[PDB]
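Asker:
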Amino acid sequence: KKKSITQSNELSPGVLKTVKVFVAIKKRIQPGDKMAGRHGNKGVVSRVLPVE
Amino acid sequence: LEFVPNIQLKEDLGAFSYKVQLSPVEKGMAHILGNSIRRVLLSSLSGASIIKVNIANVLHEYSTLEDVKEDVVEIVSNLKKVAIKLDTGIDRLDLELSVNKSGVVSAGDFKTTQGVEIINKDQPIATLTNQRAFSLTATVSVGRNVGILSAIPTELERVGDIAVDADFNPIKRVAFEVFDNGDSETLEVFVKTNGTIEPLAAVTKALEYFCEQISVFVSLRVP
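Listed in order, the protein sequences are those of chains C and A. Under the entry's author numbering, the first residue of the first sequence is numbered 1046, with each subsequent residue one higher. Under the entry's author numbering, the first residue of the second sequence is numbered 8, with each subsequent residue one higher.
#1: Using DSSP bridges, identify the partner residues of A:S105.
#2: For the stretch 54–70 of chain A, which residues have a beta carbon sitting closer than 9 Å to at least one beta carbon of chain C?
#3: Taking 8 Å as the threshold (beta carbon to beta carbon), is C:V1096 in contact with chain A?
#4: Name the residues in the stretch 136–161 of chain A whose C-beta lies less than 8 Å from a C-beta of chain C; which are they?
#5: Could you check what DSSP says for A:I132 in three-state terms: helix, strand or coil?
#6: Applying the criterion that 16 or more other CB atoms from any shown protein chain within 10 Å of the CB defines a buried residue, is A:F117 buried or exposed?
#7: Roughly how many angstroms lie between the CA atoms of A:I221 and A:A145, to the nearest whole one?
#8: Is the beta carbon of A:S148 closer than 8 Å to that of A:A55?
#9: Could you tell me whether the Cβ of A:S43 comes closer than 8 Å to any Cβ of chain C?
#10: Scan the stretch 27–93 of chain A and note each continuous beta strand (DSSP E) run of 3 residues or more that stays entirely inside, going in chain order.
#11: My parser needs the beta strand (DSSP E) runs of 3 or more residues fully inside the stretch 178–210 of chain A; what are they?
#12: Starting from A:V123 and walking both ways along the beta strand (DSSP E), at which residues does that stretch end?
#13: Determine, using beta carbons only, whether C:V1066 comes closer than 8 Å to chain A.
#14: Starting from the beta carbon of A:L194, find every residue of chain E whose beta carbon is closer than 9 Å, and list them in chain order.
#15: Hey, how far is the Cα of A:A208 from the Cα of A:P12?
#16: Quick one, which residues of the stretch 16–47 of chain A are near chain C if we go by CB-CB under 8 Å, in chain order?
#17: Taking the alpha carbon of C:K1079 as the reference point, which residue from C:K1071, C:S1091, C:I1070 has its own alpha carbon closest?
#18: Straight-line CA distance for A:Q28 to A:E219?
#19: Tell me which residue opens and which closes the beta strand (DSSP E) that C:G1088 is part of.
#20: Please list, in chain order, the chain C residues whose beta carbon lies closer than 8 Å to that of A:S84.
#21: Just to confirm my understanding: we take A:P206, look at its own chain, exclude 5 residues before and 5 after, and list those with CB closer than 7 Å. What are they?
#22: Report the option in A:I58, A:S51, A:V79 whose CA atom is closest to the CA atom of A:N64.
#23: To the nearest angstrom, report how far apart A:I132 and A:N85 are at their CA atoms.
#24: Do we get a CB-CB distance below 8 Å when we pair C:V1060 with the residues of chain A?
#25: Buried or exposed for A:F10, please, with buried defined as at least 16 other CB atoms from any protein chain shown within 10 angstroms of its CB.
#26: Considering Cα atoms alone, identify which of A:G150, A:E195, A:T200, A:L227 is closest to A:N42.
#27: In whole angstroms, give me the CA-to-CA distance for A:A37 and A:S51.
#28: To the nearest whole angstrom, what separates the beta carbons of A:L49 and A:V181, a pair I think is in contact under 8 Å?
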């Protein structure tokens, strides 16, 4: 945890500092996505109808 | 030549299943009342549910506490399946939960403040492998379903706040059948809910809504 290069890398000379950012986001299915059963059938979700 | 129905709670059964009845009808209007009841009962009835939660030592949903077999997002999913009953004019309040046990944290351990109700007493919220502290809140709010599109993202204020999407409408199944009695029929409606309302009140409410919506065509005016 400290046997790095005092900055965690050789830094590929020329580079002062760098930062990594990690962003996560849930996604729900919507008209346009692509479903397909295991039997070679597929299609594009065309609408979403109310329960009733 | 005059028939008018009265409503009756015959034939309770099962977990929360019922068979409500309207005894005399107009010999032809039955199959209208049935469909109207079903659809309006499946789309507009409003209840209450958890919408936003803040756990103690957490910052976001993809995290992990110590000595907890569960996860944070698994916990948030557990919370969604709690059946809450609110009284007439509450419309917003706060729930609390603080425990120091070493087993399974069921939903019964919510604080038994006034107004609130927690029907789903068996539902686990989290499992504590070892004894530790644990605490959170959850703002319970009235509401009704509107569709995946016209829903506002429920602004957050504090640091640890975590939005929880909420399914309001407490109805799970509806189905009707119409029986003939000679110049008269009887309507026999099945209802199944989560237990957060009583059937008679429910169907009465739905017919209230429906006739309220019809009452414009008696006028053929604006409002």
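Beta carbons are placed, not taken as given, at the ideal position from N, Cα and C, and that holds for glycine.
Answerer: This is what the structure gives:
#1: A:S142
#2: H67, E68, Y69
#3: yes
#4: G154, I155
#5: strand
#6: It counts as buried.
#7: 38 Å
#8: yes
#9: no
#10: Within the stretch 27–93 of chain A, the runs of beta strand (DSSP E) that reach at least 3 residues and sit entirely inside it are, in chain order, 54–62.
#11: Restricting attention to beta strand (DSSP E) runs no shorter than 3 residues, the stretch 178–210 of chain A encloses them at 178–187, 192–200, ordered along the chain.
#12: Here A:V123 belongs to no beta strand (DSSP E), and DSSP marks it neither H nor E.
#13: no
#14: Considering every chain present, this structure includes no chain E. Its protein chains are C and A.
#15: Going by the C-alpha atoms only, they are around 16 Å apart.
#16: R45, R46
#17: C:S1091
#18: 21 Å
#19: 1087–1089
#20: The contacting residues do not exist; A:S84 stays about 12 Å from chain C at best.
#21: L16, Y25, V27, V198
#22: Looking at A:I58, A:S51, A:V79, the one whose alpha-carbon comes closest to that of A:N64 is A:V79.
#23: 6 Å
#24: Not closer than 8 Å to any Cβ of chain A, the Cβ of C:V1060 fails to qualify, so no.
#25: Flag for A:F10 reads exposed.
#26: A:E195
#27: 22 Å
#28: 6 Å
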